[PDB]
Each structure stands twice: as structure tokens, then as C-alpha cells.
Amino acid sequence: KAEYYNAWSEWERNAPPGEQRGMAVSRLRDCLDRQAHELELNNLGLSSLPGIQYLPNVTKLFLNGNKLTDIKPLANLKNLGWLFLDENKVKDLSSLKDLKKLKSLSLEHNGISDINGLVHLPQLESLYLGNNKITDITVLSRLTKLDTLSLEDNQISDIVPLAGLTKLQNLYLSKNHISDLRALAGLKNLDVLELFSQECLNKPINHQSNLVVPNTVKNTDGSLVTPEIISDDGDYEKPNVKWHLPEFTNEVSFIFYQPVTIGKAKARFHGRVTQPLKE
């Protein structure tokens, strides 16, 4: 504990060129001294953590509203059940690998794209990944104990990794790039499902005066969703969206609004497909 108090003072003096490192050192000492289960470090602006070697009574770590980029210091908090890292800048989760009791992880607004470190947390029950940069969700197929998964406001178009996650009950997928719901067809245990605000972007094609674009928006059974609104006087004749474009234009689009039911869960699958055109 002398060595701990010491490490923490050195760290307190390395604030980069508005971090509340005094308050943090106070909280760390209070936590260690009382062998507390909770270490509350929210909104301190911290850009790093010192060495923390042995807080094995700590089961709840609150770090919302800091600016951490490296969570290697958390690696030995092996008894953590709840970890909150909202609005940090963490971009690799491999340092969590020995946290086998972790049940809840919040990591909103970190800008993370590489979530492969989740492979080490098969017992996770709640995972909050809203507002990140996630395109590749293939790790999530390992997280078969999740009850709650937020993936909203990411860059996800391939949801196949969720297809076997039948335990899922709360699933937030709004503000992604999802046009095909088939991966959700077996998720009949859902209560909450959010699928609004999709913005899907086709690869460019050449402009033609008679344009014919296959519809790519699919229900959970693979059937095509009839567009609601089509740009530029276009029409729909399944399976195609059609336009007459006597002059070049650089894009056309269409909007879809589809009630979905998966088990008991009811949601609106609602979004836009954009088709860029090359002259």
C-alpha cells in the first residue's frame, strides 16, 4: 500500500499539458483503504490510469466521461462484474481477457472499430456499443449469454453473426446500414428490437435512361420489402425499382417502412437505400 500510494502520486504529476487526478488518487486510496467493492471515477477527464495491482474486492468500475485510450491497467481487476467506459477512446479490448466474471460492459462513444477482444468474455450478459465505428461484428457470435446488445449508430451491414444468439432479449440496431433482416429470423426471444434509421448505400452503377435496380431490402424470411417512397418519379415492379432518367443525375433513392414481428417483438424497420450513378 506504500508502493501503491507512491505510484499514484507519480501518475498524478503526469497530467498531459483538465484532469482531476487528485480526486482520482483520493478515490483510489479510499477504495483500497476500505476494501470497497465500488471505484467511482466518472467525469474526471482522465487520459490514463496508474498501475492498479490488487483491488480484488472491486466488482464495479465507473469510468464514464474520461478519455482513456489504454485499458491495460484494468487487466488485473479480475473480479469486475460491471465496467462503464462511455465517452472514452478505447480501441482495443484484449486487456479485458482475464475478466471472466464481467457481466456488463458499456463502451458507448469510444470510436472503437475492432471489438475482437470480446472473444474473451463469453459470460457477458449486457453489452453497450452504441455510437462507435463498428463494421465487423463476427466476434459477437461467441457472446451467447447476452440478454442485451446495443449496436446502434455504427457502420454495420452484415448482421449474420447475430443469427445464433437466441438468448438475446434487447437488441438495438438503429442507425446502421442494414437492409437484410434474415439474420434475425431465429431470435424469437426478443422483447425490445430497434431497426429504424438505416441508411444503405449501393455500389455505383452507370446511369441509364431506363434504370432498373434490384431491390435489396429483405424481411426476416428473405422476402423483398416494397418501397414506400421512390425518388425521381420511380416505380416498383418486384423485384426491381425502376426509373426514367432522360438526363444524367448522380443518385436515385428509395425509402422503406416495414413493420417487423420476430417472436413477440414488434419493430419498425425503416430506412433509405441510395444508388449512386456514373455518367
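Residue positions are given as counts along the sequence shown, with the first one as 1. Rigid core: the largest C-alpha set superposing within 1.5 Å between the two forms.
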### Summary
By Cα RMS to this form in 5 other deposited structures of this protein after fitting the core, the stretch ranking higher of 55-63 and 222-230 is 55-63
## Note on the structure
203-211 or 147-155, the stretch lying farther from the shown form in 5 other deposited structures of this protein by root mean square CA distance over structures and residues, after core fitting, is 203-211
### Query
Between us, would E247 come up missing in a third or more of the other compared entries?
yes
### Task
Please count the deposited residues lying between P17 and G18 that the model leaves without coordinates, and give the class: none, 1 to 3, 4 to 9, or 10 or more.
1 to 3
### Higher-scoring stretch by recorded Cα B factor average, 39-47 or 233-241
39-47
### Entry-level comparison of average CA B-factors, 93-101 and 202-210, reporting the higher stretch
202-210
### Task
Would you mind finding, among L61, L68, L224, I52, the residue with the largest C-alpha temperature factor in the entry?
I52
### Query
Which third of the chain does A75 land in by C-alpha B-factor: lowest, middle or highest?
highest
### Task
Would you please rank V252 by its C-alpha temperature factor against the other modelled residues of its chain and give the third it falls in: lowest, middle or highest?
middle
